[PDB]
Structures are given as C-alpha cells and as structure tokens.
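Participant: Sequence first, structure after; it's an experimental one.
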Amino acid sequence: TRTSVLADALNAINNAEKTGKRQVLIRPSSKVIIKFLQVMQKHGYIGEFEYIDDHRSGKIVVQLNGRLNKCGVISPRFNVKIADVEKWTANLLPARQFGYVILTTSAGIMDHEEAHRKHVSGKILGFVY
Amino acid sequence: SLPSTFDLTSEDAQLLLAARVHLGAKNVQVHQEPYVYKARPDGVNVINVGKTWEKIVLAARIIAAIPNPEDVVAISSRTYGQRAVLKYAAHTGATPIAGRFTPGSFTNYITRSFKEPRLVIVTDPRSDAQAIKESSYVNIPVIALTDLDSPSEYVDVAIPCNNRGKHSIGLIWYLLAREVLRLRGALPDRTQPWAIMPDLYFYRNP
Amino acid sequence: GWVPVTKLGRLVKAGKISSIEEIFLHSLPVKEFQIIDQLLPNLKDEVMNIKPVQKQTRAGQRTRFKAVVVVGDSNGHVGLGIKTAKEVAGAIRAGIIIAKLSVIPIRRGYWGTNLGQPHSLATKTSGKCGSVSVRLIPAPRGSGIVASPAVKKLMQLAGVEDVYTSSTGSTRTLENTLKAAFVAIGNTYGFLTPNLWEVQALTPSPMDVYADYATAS
Amino acid sequence: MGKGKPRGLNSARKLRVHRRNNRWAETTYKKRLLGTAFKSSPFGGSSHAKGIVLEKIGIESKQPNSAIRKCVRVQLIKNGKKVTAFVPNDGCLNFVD
Amino acid sequence: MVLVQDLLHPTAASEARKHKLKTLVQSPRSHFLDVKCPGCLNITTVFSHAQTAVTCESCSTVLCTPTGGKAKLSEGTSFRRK
Amino acid sequence: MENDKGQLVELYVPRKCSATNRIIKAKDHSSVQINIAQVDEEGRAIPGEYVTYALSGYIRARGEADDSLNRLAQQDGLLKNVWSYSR
Amino acid sequence: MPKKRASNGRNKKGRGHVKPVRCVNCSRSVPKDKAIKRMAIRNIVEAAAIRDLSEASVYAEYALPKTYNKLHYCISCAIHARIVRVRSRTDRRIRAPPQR
Amino acid sequence: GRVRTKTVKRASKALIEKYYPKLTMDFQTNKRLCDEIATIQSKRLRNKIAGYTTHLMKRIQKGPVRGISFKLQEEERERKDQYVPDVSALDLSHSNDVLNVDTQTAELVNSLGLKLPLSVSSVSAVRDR
RNA sequence: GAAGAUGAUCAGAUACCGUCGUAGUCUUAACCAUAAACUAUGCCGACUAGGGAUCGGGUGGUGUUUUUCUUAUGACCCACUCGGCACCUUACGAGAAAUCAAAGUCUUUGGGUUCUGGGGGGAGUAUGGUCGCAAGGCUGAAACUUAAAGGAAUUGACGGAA
Ligand SMILES: [Mg+2]
Ligand SMILES: [Mg+2]
Ligand SMILES: [Mg+2]
Ligand SMILES: [Mg+2]
Ligand SMILES: [Mg+2]
Ligand SMILES: [Mg+2]
Ligand SMILES: [Mg+2]
Ligand SMILES: [Mg+2]
Ligand SMILES: [Mg+2]
Ligand SMILES: [Zn+2]
Ligand SMILES: [Zn+2]
C-alpha cells in the first residue's frame, strides 16, 4: 500500500535535491503536504509550487531552489509534550540556531519555533535542515 | 546581452551541410542531447545546425575571455582531427596536443609535457576521455566536439558535430578558430571568407 | 632554495596571493608544498602514530612505516597526511608535506548565541572512512573537546575549542578515524546555512587576473 | 526498507515482547535471570568462600609458558563442593600447608 | 529530462508516447467511432474497443469483431471518428 | 558568521555554483569557473569584462553540466534557440 | 567464500530447478545449463583419408556428409582438456564466442 | 644479441637533436664528430654511439621517425603544411551543381536562413544492415 | 547402481579405477516435511543514470514481402508503449571489500510490516514437550570450556591447475 503519502513526497523531494534537479513531480498531493510546502516556502527552502487538479486526488509540482539539504519526515506522528519539543529538535536538527521541525497541532501545521511562540504543540510531521 | 548580428550565415550553413556535420550520430543517441532536428529513418539522426553554431560562438567567447593566449590547450588523439587541431594552434597561439596526450600532463608537475591550461579543448570525449578525466583532477574548463553518442562527463560547451569524421571535425575546428579570431583579433567582420581556407585543416593523404 | 613550478606557486612567490583564503575561494590545487608554509607560518605538525607495515616476500618481509601526521594552528585550518616509507624520519617528513598540501579550512560557528568569538563547529557534521563514522556535534562554551585522543588533538590543531563527538565503527583503526574526522571537518564548509542563502558576486581568480606574472617567461 | 521492527504508534507491546525475547540471547542477562550463580558456580554467587585444604596439587600450565602452578584442592564449607585454587607469589603453598 | 524539465507543459508528442495514465492528467485515447453499416442508413456510435460482437441497432449485420485492443471492423465497413 | 554587531567572522565565504546553488568546497577539484567575454556590436569581445559562471563538480561528474550551463546562458542572454524550457 | 560469478550455472535464472543432462566422457549428471555444450560437426571421413575415399569411390561430387554430435561435458571434465580455459577475474566477464 | 643499449641510443638521439647537420651518413666522419662533441670516456662506447647516429641518419634519409623531430625536421614538415599540394578551386565549393542535401537538411536550412542553393534528395532509408 | 561380491595397486587400501550388481532408481497408493529448497539477497511501497536487446501484450507507420488482381490475415522492419527469468561508467548514493543501479535515498539516523541473529565451541546435543510406522522433524538448555572463530581481501609460498 501507499502509506504516509506525505512521507513519500518528502522522500521524492530529497531525491530530487540530491540529484540536482530544479523541480519535482509529486503524485498524491495532500492537505498536509500542501501545508508543509507552504511552511517551507515561508521559511525560505522552496520556490513556486503548483497543485494540478487531476479530477481525482491531486498532483503537485515543486520548484526546488537548491537550498533544501534534507526535508525529513518522522514516522509515527509522535505526541509532543512541549518540553519534549526541545529534545526532538536536538535529535533532528543541526545547531540550536537554525532549521525547523514541522509539527501539526490544534492551531495548524507549523514549525517548532512558531508553535513555541503560540504556546501550542502537538504531533510531529517532519523537518528541514 | 547579445548583438543580434550573428544569426548563422547562409554560406556557413551550406558549408556545414556539405561537411555533413549534421548527418552524423546514427541510431546511437544520448539522453543528454537535444541537438537533434528530426530523425531521418533507418540508422540516422539529423543535427540542429543553428544550436551548434551558437555553441561554437559561446566556446569562442569563452576562449577569448582567457587573457594569456598560450594557455588554451587543444587536444586530439584520433587521427582525422589532429592536423586540424595543429592548424588551430598555429592560428591562435595556444600550445596543442596532437597524438598522445600523456597522462599526468595537467597533474604531475615533473613531466616534460607538464601543461597547465586554463581552458582545455577536445575533439572526441569518447577517445580523449582520459584527457578530460585529467582536467577534472585540477579545475579546468573543457570544450568538446560532441557527436550525439559521445559522453559529456566533465565536458562544457559541447559543440555538436559529426564524429564519423573525415571532413566534419576539421571543418568544425576551422569554424571555431574563425570565431576566436573574430572575438578579439585581426578579423573585425563576420563577412568575407578571407585569406585563410577551411582546407588548410582536414585529414591528409598518408 | 625556492623555485616554483605551478602558476599558483609562481603567483605566491611574486606576492599577489595574500592568504590561503583566496586559494580556498577559487579551490585552487596546491601540488607544491612551500606555498602553504609561506601563507601560514604557524603550522604545528604533530605525529599521531606510526604503524610498521610488511609486504611478505620469497625471503623475509618489507618493513615500511605508515606515519600519520596532523598539521594545524588555531585559526581554523587542518591537514591530515599519511605516508608509508622505509626510513622513518623521511616518512614523517613526507606525511607532513602531504598534510600541508591538503590543508583545509574549517567553518567555526556558535554553540548558541554569538556573544564572543566562535570556537565550536557550526552544524552537526559527520564523516566516513571504511567503518569509522566520526560525528562532530557542536558543543557549548568551556565544555571542551569531548573526543578520542587523536580526534581531540586534531580538533585542537584546527582551533575548535569546544566540541562533542560520536566516533562509531572501529575507531582503533586510528588512521581511518583521523581521515573520517578530516572529512567531517571538510563537510562543515559545504553544509549550506540560511546565513549563506544570499547571493555572491563570483570574483575573478588570481590565476585569471595576475596571469602575466604567473607562468614562465 | 522499514527495517524489521514495527514503527506504528500503537505497536508498543509487541516491541516490548520482542525486546524481552532478545534479552534471552544476552548471556549476562540470562545468568542474572536463571540464577546460574545461585544454583551452580561453586560459590553461592558470592565474592568469597571459606574452604578446607584437602591437598596441595601442582597443576601443569596450559602452553607457551610451561610450569607447575602450585594449586590447592579446596572443599568449600557452606555447599560442600570441591574446587581447585591457585596460590599466588613465591612459595605461598608451604605457608598454606 | 535533465535538471530543468519545466514539468507543467510538456510537448504533446511526449504525452502521446507515454502511457494512458502516466502523463499529467489521466485521459484515454479510445474513441467512439461512429460506424455506418452497408445495409441500413443509420449511424452506430461504436466504441473502438468493443469487447462485444457489435450488432447494429436491430439487424444482425455484425459491425466490429472485438480484438483484444481496438476492434477489427468486419468486412468493408465505413466509419466516422468520435 | 556575524558576531555581536556585524564584524563578519568566517572567511573563505564560498563560491556557490550557478546551476545548482550547491556550495563549491575548498578542495572541490572538478568544479570550474567559466568566463564568457562580454559581447559588443560588430565583432568585439570587450577586453576585461565577463559573465562569470561557477559550475559545481557533482554536475560535471553527472554530465548534466553542459546543459545547465546552456540554460544559464539562455537565462542571461548569451544564446538564442539553444536551451528550451520544455523538452 | 564470495560468489565467483553472478550467473554460475547461468541459464537457470527465473527457472526454479531445470532438467539435467549426462556428460559424454564421465557420465556425470550435470544440469543442462552448467553444461558446456560444444557442437562437434566433423566430416564423416578423415582429412587425408578423403582423397583415398575419392580414389576408391563410384559417382561424382558425392555426399561426403558430416557427423553431428552436440557434446555435453561435466564442467570439471571439460576443464581437463576441453573448451573451458581458466581465465583471470577481469577476463571472466567476457561471454563473446572465442577465436573468430 | 647485438641490441645497441639504451644509454647509447639516448646519446645518439641527443646528438641528432643537437647537430643534425655535421652528421654525414658515413661512419668514420660521424665518429670523429662525436669525439669532438661529447665527452665519451670509452672508445668502444663512442664507436657504438657513432654507429647508432649513422643508422639514425640512414633512417632519416628514408623519411622521418618517432622521438627524432628536431628543428630542421619541423621546418621541413611545417613548410609542407603551410603550402599544401591542395587546394585548387576553393576547395569544398559548390563545384558540382548546388549541394545534394536531404529533405530534413533542407527544412533545417529553411528554418534558419532564407535563400540557399539546394538539390533536395529523396532520402532512401534502405533495408537491412 | 549405497549394499555386496571381486581384480589390480601400494608398506597396506573391505578406497577410487576395474568388472559384476539385492534396494531401489521409474512408476502406482500412503507417509514423511527435510536440502548449498541458495538470488546463501523477506514482503509491500515510493523515488533517484545512461543503454540496448530479449520474452508477452498493444499502438502508429502510403514501410517491405506474401499474391488470389486492391488485398485482408500472417511475418518482419522501425519508433514508442507498458511487462518478467538479463551489460558499462562514474558514483555524488553504498559497502569491510568482493562488489551493488540496489546490497542506494542511514549519525543529514523515523514509508509500511513479518521474521531471524548477539564471541566461538559444548549443541541442533541433554532434557522435557509435541509430530511421526520408523528414519527423523519441529521445539530447544545449561554446566563446562576457550582468545580467538570468522569474514573480506594484499603480498607471498605453494598446487599431480592452464
Ligand atoms: Mg612455550
Ligand atoms: Mg574457492
Ligand atoms: Mg560459511
Ligand atoms: Mg517467474
Ligand atoms: Mg529452486
Ligand atoms: Mg561400482
Ligand atoms: Mg581387492
Ligand atoms: Mg554462543
Ligand atoms: Mg578468507
Ligand atoms: Zn438495422
Ligand atoms: Zn564429464
């Protein structure tokens, strides 16, 4: 089966980056995926991206900037209790300074810093450094 | 940006056609090459000419951009184009390599033929491949005359051309030389077939 | 007794390349060794170990000596040099030379907050050689060089003041470990940050600019 | 490759079970569990044991180094088992009697 | 195909080449061939991959024999496209 | 990078490839600076003025490098008809 | 011990376990893949003897036929004399028919 | 086994490079010249060298060789290259008619230039290889 | 042709070689449930680099030939298409390396799952279970012992290998 569509997409993106492609084609194209992409854009890791309407599920194209290094996805969507966020960041991200840990929460799909600012955490999706 | 002057002269195009710079490549074809202009049936590919010309021009420009002239190391192993290479070298002072390349030429600072280029030029990256590899060890640009089955690994500015050979490679070389001359030199005009000849180049009767 | 081959060498001799920074920027090869010395007078050369090493022969064996040398300062440069020769001193010298040739810069970044001068690594960087993965995680201040002895020494040479490691696989293949560490260090400059998103001009190289002074007459 | 172990968010019990199962390959752990020290191991899983010197016995050493190693056949008091104890330093065996 | 493909708009040739599935949007290349039999003057909107012994509207004429893919149009029969 | 109040720390601020963005390392022996001389009307290649491109080594190794260069040129305005957007 | 080859017995790939063939010389059961199948197309008469036959014979041109023996060899047996010919590691990859 | 040694050969080559003129075919003279020139300690060795030189000269007299192309030889070559037996006419003009180009070629020309001399071939793809 | 007869050879040789040749081999009715059952590569999923072929489907070719005149099937040629039993380079991806286009996208560690392993031996044993007509199978210890056991390759030395 096609489990974690988002994860697959992320993997594809990573592969593309490794190759030195300037853009990616993604099949399934979810809400979560879209959110992630938006977040990335906000941060400054991704160019344009466009949702094709296959009169069906979806189909995204992402413009890679050459800035992404890894665009990871942590596997089961672990339940993060605000203090554990720091730990997670330490585990995943290079440096206290930079990078993000994209985690869904009540407020919306946001990065770790954003969540902290809000004062609202939840379940992790991925990361970007 | 561009002058919008050099749009491939008709005469030049004709010459190229005669050479059969663009009837080469054959059945065999590389995924990194969109210089084709329609496949002629049964064991043939036709090469886009304008694109080739543009590439040549670019190469010439690059060459010009190197300030010290005795520097543009031209190379040729395979026999058809060695003469052409030599001619080119003679025309524009840049120490060439006809015949054997010598491994450890661009690396290996003891060798008698220790060149140190800032711009390598090649005919067949299928054969001279070694030269290209050597260049890749020490940060040099590589210009090369790609047939559409030739590998373009560690190659830049790959002038597309027929490497069945005989007339074509030589002709291409001549064209390149002309371009170089035009971009800073004696020749100030794109027109006039001028005192040189293509047939100075070409493979000779042994 | 100087005399250079290599355009770059000639340039250096002339005195138009100021520091190794320029060289690094234009990734220029340094096949000659003296250039590095000229650039950097503060090269501390430390021999890490010397394995005796034996080819087996119809009669007896060919004892040679794989001398490992680490070279540095405290600026953010390191060299790792391995050579195996029969005369020990000679071998050591060769190793040193190799290290000098290599000498490679290190991006030293901030633990957390800028405040003072930087003496940890910027990002979590790692290397690999055989079955040794040296992972260098950036430390806080004063926390020291938390590493295998050789690794620690290397760090010191570099001018990294505080750092965490996680050397995994067979670390006792000492040379291999050292190599891995070196690789990791190299990877520091290479790992893109948001600090370097901003576009640079692409400067002309000294080799292009001072082309008349370089090359023989 | 998902790599063997279940990475689900509710796959915890299974994981635990697996870990437990694995634990029985680790030797020290096994020993701790089964009480091999308490059931065997001449001593009672203890640091020391007092024992009676039944006789002085010179034992011939393994290999490379060749010698007689002045051991003693000891009978442990608490259990009643019979073991062989090496006696250190020069002489020493005389002292032991 | 390398580095900068620019993936929203391919040349149509490529699309044609690739599987009826493996383009941007799913779109079939089967057609409703509007067949006329030699007998009665009436048009049957025959799908080109019939899967059936395609009779006329009533008369037992037999229009198309369903080959695995596209149907062979039985005997000298005439057709319009779509 | 920027200590306290500017004071740019960390020298050797690297050449980033034109095609990939990918940082060109200190010992990236394969990576190359192409210099393309600036054109003028009727011959003339303007001495001492270039469009300079950096190519990373990975791309070169791949053989996706020439194409990338061509694309770059097209973007700039050093070519016409060569690199198409769609293939 | 590593794999000497990728193929090994060669033809058996996506072929479970095939039928076997008996060797000519040894009569060792060898799979019909790890087999070494040289084709002996000898003339029915010996080279020098052909002339003699001609001298003897009736008719013109003549049949002068060829005997046909597709010989199967148990690898080891083949190695002792036959087409096998122990190669270098790099030379093993070459599957082109030799000579010619 | 009268294989003239490597050192001797090298010496001979050097001599040739230096003094192609003042090396007249015949042997005694050559020997004398060698003696005058280079500091050969031995006599036999000198003789051998002379012989080698003579041989080289003879070879040259029947055309050039590899590793022996010093100055005079280059000049000889060079002149020929400069003033080739060819070319009468252009050459590679439109000597016979106006270029037997293919259909594809013609099309390409049309796309590119405006008005060129053409002779449009049929383009027989042809059976078999 | 295991068993067994028997003829040589060697210090000997119920061993090859040799000759013979019950059981089987083959089959039919029951079992058994093991294999270097080996691709010594679990399955499902996704993505990353070129190339030709090759089988099975299916498109297009005023292509060629069949020839019963247009044919229409058939059979190729060529291009693409999806499909399983299959080469070259660089690897930036890997890997201890042989090598690997997967054994890659892993200290820049998390797509989804099952199963298995934790120095060597003792030991696939002891024991109990269980499964069998049995032979055996599945299941499965410890005491005790020991500093190596392995793997891959490198140079040698050697080989009744070439
Ligand atoms: Mg001893
Ligand atoms: Mg073996
Ligand atoms: Mg084994
Ligand atoms: Mg199958
Ligand atoms: Mg099988
Ligand atoms: Mg028998
Ligand atoms: Mg007997
Ligand atoms: Mg064990
Ligand atoms: Mg082994
Ligand atoms: Zn009807
Ligand atoms: Zn046999």
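Facilitator: The structure has been received and is ready for your questions. Residues are numbered from 1 along each chain as shown, chains lettered A, B, ... in the order given. Ligands and ions are numbered 1, 2, ... in the order given.
Participant: I figured residue E:37 was touching residue E:46, is that so?
Facilitator: No: between residue E:37 and residue E:46 there is no contact under C-beta atoms under 8 Å: 10.2 Å. For every residue, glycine as well, the C-beta is placed using N, CA and C.
Participant: Mutual contacts of these two, please.
Facilitator: Residues touching both residue E:37 and residue E:46 (C-beta atoms under 8 Å, 6 or more residues apart in numbering or on different chains) are residue E:63.
Participant: Against chain E, how distant is the residue nearest to the spatial centre of chain H?
Facilitator: Chain H has residue H:77 as the residue nearest its centroid, 6.3 Å off, counting by C-alpha atoms, centre = their mean. Using C-beta to the nearest C-beta, to the nearest Å, residue H:77 is found at 44 Å from chain E.
Participant: Show me which residues of chain F sit near chain E.
Facilitator: Contacts of chain F with chain E, taken as C-beta under 8 Å from any C-beta of the partner chain, map to F:19, F:64, F:67, F:68, F:71, F:85, F:86, F:87.
Participant: What is the nearest of these to chain D?
Facilitator: Ranked by distance to chain D (C-beta to the nearest C-beta), the residues of chain F next to chain E are led by residue F:64 at 28.4 Å.
Participant: Which strand or helix spans residue A:48?
Facilitator: Using DSSP states H and E, residue A:48 sits in strand A:46-52.
Participant: List the contacts of that strand.
Facilitator: Residues contacting strand A:46-52 (C-beta under 8 Å, 6+ apart): A:29, A:34, A:37, A:40-41, A:58-65, A:67-68, E:8, E:24-25.
Participant: Got the domain ranges for chain A?
Facilitator: By the record's domain assignment, chain A is partitioned as A:1-68, A:69-129 (curated CATH domains).
Participant: just so I know, which of the ones you listed lies nearest residue H:11?
Facilitator: domain A:1-68 (56.2 Å; C-beta to C-beta).
Participant: still on that earlier bit, just the residues of chain F next to chain E now: which is nearest ligand 11?
Facilitator: residue F:64 (53.3 Å; C-beta to the ion).
Participant: State the distance from that closest one to residue F:20.
Facilitator: Distance from residue F:64 to residue F:20, counting by C-beta to C-beta, to the nearest Å: 9 Å.
Participant: Repeat that for residue D:18.
Facilitator: Shown here: residue D:18 relative to residue F:20, a distance of 44 Å by C-beta to C-beta.
Participant: Follow the chain on from the lengthiest helix in chain D and name the next helix or strand.
Facilitator: Criterion DSSP state H: the longest helix present in chain D is helix D:12-23. Scanning forward in sequence from helix D:12-23 by DSSP H and E, the next helix or strand is helix D:27-34.
Participant: Tell me what angle that following helix forms with helix D:12-23.
Facilitator: 100 degrees (axes from the mean of the first three to the mean of the last three C-alpha atoms, to 10 degrees).
Participant: Helix D:27-34 near RNA strand I anywhere?
Facilitator: Yes: using C-beta under 7 Å from any atom of the strand, helix D:27-34 reaches RNA strand I at D:27, D:30, D:31, D:34.
Participant: Find the pair from those residues with maximum spatial separation.
Facilitator: The farthest-apart pair in the residues of helix D:27-34 next to RNA strand I, when distances are taken by C-beta to C-beta, is D:27 and D:34, at 10.9 Å.
Participant: Of the contacts of strand A:46-52, which belong to helices?
Facilitator: A:34, A:37, A:40, A:41.
Participant: Could you count how many residues lie near the nearest residue to the second one once chain neighbours are set aside?
Facilitator: This points to residue A:37. Nearest non-adjacent residue to residue A:37, counting by C-beta to C-beta, 6 or more residues apart in numbering or on different chains: residue A:49, 5.2 Å away. By other C-beta atoms under 10 Å in any protein chain shown, the residues close to residue A:49 number 20.
Participant: again with the one 5 residues further on
Facilitator: Using other C-beta under 10 Å, residue A:54 has 16 neighbouring residues.
Participant: So residue E:76 sits against residue E:38, correct?
Facilitator: Yes: Residue E:76 lies in contact with residue E:38 (C-beta under 8 Å); the separation is 7.1 Å.
Participant: can you give me the end-to-end distance of stretch B:134-144?
Facilitator: End-to-end distance for stretch B:134-144: 14 Å, by C-alpha to C-alpha, to the nearest Å.
Participant: Relative to the whole chain's centre, how far out is it?
Facilitator: 15 Å (C-alpha atoms, centre = their mean, to the nearest Å).
Participant: can you tell if that stretch touches RNA strand I?
Facilitator: No: judged by C-beta under 7 Å from any atom of the strand, stretch B:134-144 and RNA strand I are separated, with a smallest distance of 9.3 Å.
Participant: Name the residues that touch that stretch?
Facilitator: The contact list for stretch B:134-144, computed with C-beta under 8 Å, 6+ apart, reads B:59, B:62-63, B:101, B:103-107, B:117-125, B:128, B:132, B:150, B:152, B:154-159, C:27-29, F:29-34, F:57, F:60-61.
Participant: mind checking the SS state of residue H:33?
Facilitator: helix (DSSP: H, G, I helix; E, B strand; the rest coil).
Participant: what's the spacing between it and residue D:36?
Facilitator: The spacing between residue H:33 and residue D:36, counted by C-beta to C-beta, is 98 Å.
Participant: So which of those two has more stuff around it?
Facilitator: Legend: neighbour count by other C-beta under 10 Å for residue H:33 and residue D:36, higher for residue H:33 (17 against 13).
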